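Residue-level structural notes
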Amino acid sequence: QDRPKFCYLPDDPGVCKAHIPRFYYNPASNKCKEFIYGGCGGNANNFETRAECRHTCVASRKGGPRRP
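Residues numbered from 1 in each chain as written, not as in the entry; some residues may be left out. Heavy atoms only, no water. Residues with missing side-chain atoms left out of burial classes, pairs and counts.

**So, the state of the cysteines**
Taken as a whole and assessed by the stated rule, the structure comprises three disulfides. Here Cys16 connects covalently by a disulfide to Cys40, the sulfurs 2.0 Å from one another. Of note, the bridge from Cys16 to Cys40 carries an S-S torsion of about 75 degrees and is right-handed in sense. Taken together, the residues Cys16 in the segment before β1 (20–26) and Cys40 in the loop between β2 (31–37) and α1 (50–57) connect sequence positions 24 residues apart. (Disulfide = S-S within 2.5 Å. Helix = DSSP H or I, 4+ residues; strand = E, 2+ residues; numbered from the N terminus.)

Written out as structure tokens, the structure is:
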């Protein structure tokens, strides 16, 4: 893909018992979401905003003149 494969990795907050506002890209639904990060496991898919999350994987695209 023209985009990073780590953007496909499901949200991986890990297995810890904490709470940190984090974000991941969901290509399967073509949408950004916020998740609660712990502190145990994780991946390269761990942002702090939706505008970043889309600019990471949903970059370089020109198709659909303002879809409904």
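Alright, that's what it looks like, and here's the rest.
**Comments concerning the nonpolar core**
With seven residues, the main nonpolar core is built from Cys7, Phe23, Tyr25, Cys32, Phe47, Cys53 and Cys57. Among the secondary structure elements, those contributing two or more residues to this core are β1 and α1. Setting aside its immediate chain neighbours within four residues, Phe23 contacts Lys33, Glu34, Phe35, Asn45, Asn46, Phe47, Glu48, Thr49 and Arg50. (Core = buried A, V, L, I, M, F, W, Y, C linked by side-chain atoms within 4.5 Å. Buried < 20%, exposed > 50% of the residue type's maximum accessible area, 1.4 Å probe, protein only. Contact = heavy atoms within 4.5 Å.)

**Some thoughts on the pairing of β2**
Sheet topology places β1 next to β2; seven bridges connect them, and they run antiparallel. Looking at the pairing, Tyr25 lines up with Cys32 of β2. Between β1 and β2, which pair antiparallel and follow one another directly, the connecting turn spans four residues, one of which, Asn30, has a positive phi of 50 degrees. (Pairing = 2+ DSSP bridges.)

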